[PDB]
Structures are given as C-alpha cells and as structure tokens.
C-alpha cells in the first residue's frame, strides 16, 4: 500500500513557492526532490514550506489572522513556528493601529480595551506627578507594563484575554479606582484643565473623560468636544507664533 507522491505536474502554486526557496526545507535546509513536493507541509505562520520532520502538523492561532479578522482558529504550523509563537506569547509586539486600524470597529471587546487603555495612560501620567496617589500607581502594575503606558501594542496574551472578555474587567477595575482618586484628591484636580475656548472655570475637565472632551494630541491640551472639533488648537497657534517672532 505505497502512497503516490511523485508528480510530473505538481500544483502550480506550490511549485512556485517551493521553488522560491530553492527547493530547500525552510527549517533544516534539506534540498528536496522537485518531483516530490507534495510531501512538504505549509506553515501558515512563516509562509514557507517544510519537510515532514521540521513540520509535524502542530496547530496554532496565527498573528496576521487575528489582526485582519478576529480569527483565533488554529492552523497547521511548523515546529519552529509553534515554538516561537509560544515564546513571544506575552511580548507586546503587535501594533493594531499600525497593522490594521479597521479591526477597532469590528471588535467591540477590543475597542473597549482601547478606550480603557486610553484612560489608563492619562491616569498614569497624573499619578506619576501626584505624591498622594502612589499606592494607585502600584495597582497599575498588577497588569502588564505596556497596557497603561502604550495604547496600540498588544501581545497574543492580551488579544486572547480580550476575546475571552476578561481584559476589560481587569482594566475597568482600574479606570474606576483612578477616577475616584481624581474626584477626591485635588492635587490631581489642580492638574485638571479649563477649556481655552469657553473658559468655563466651573467645569474642570481631565483627558481621560472621553465622553466630555477631546484631547489635542500635538499639544495634549484638553478642550470640550463641543468647543473643539472645528478648526485648530489655540495652544500651538501661539507656541509656534512664538519662535515665529524670535527667528
């Protein structure tokens, strides 16, 4: 009961791929018979073909397939790729906005942590400069470092924990503790903002209140949504009319 593998007419797409890698296994470099390439297996992560020793049909979710659709289903990966994906599981390597910004509107549970992470990055900057909120800074590190210092970097762990719907909860717990410290600690209220447009000194806005206000992200000045969206930011109109009359 021998298998039939020799083929004068292999599949033309595979012949193109195997030949692109000089008929060499991508993992061990073994040079393979061009008439036998049906034996090789495609590693859905590295995008290359492998001999049946280097690739043994291990299954694994695929980074690109998680960042283009919300697709966590496992795919056949080479041994080298299963090993390496497992290694970088908790590494903050994947920048959702830089890779695919559209995913933020297809996944709600992901937009929720994006939003939760935007608040946490503003709360962190304030707690770094408020000497009374230093046990709240320690609670900010019960979660990975990068969730509260960057906004668009995820690891495979975070992407999965988001789909399992648990990453929002651990982050919502933190954007509340922080929101009540700022309501009650007026060393943080002192670093709040007054909208340069309307000047209403009765409504001190903070950058993490994204319901109320939109933050410039050149000046990081904070304005009401109502007052901004149209036109430019007044802060930079002066700051670069400053060097303007200096030069």
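Residue numbers count along the first chain shown, from 1.
In this entry, the higher average B-factor at the C-alpha atoms falls on 128 to 136, of the pair 128 to 136 and 152 to 160. Relative to one another, 80 to 88 and 98 to 106 have unequal mean CA B-factors, and 98 to 106 is the one with the higher figure. Remark: of 48, 31, 65, 212, 212 shows the highest value [criterion: C-alpha B-factor in the PDB entry].
Residue 180: CA B factor lies in the highest third for its chain, per the PDB record.
When the CA B factors of the chain's modelled residues are split into thirds, the value for residue 206 lands in the highest one. Residue-level temperature factors show residue 187 in the middle third of its chain, judged at the C-alpha atom. Split the chain's modelled residues into thirds by C-alpha temperature factor. Residue 198 is in the middle one. Per the deposited record, the Cα B-factor of residue 44 falls in the middle third when ranked against the other modelled residues of its chain.
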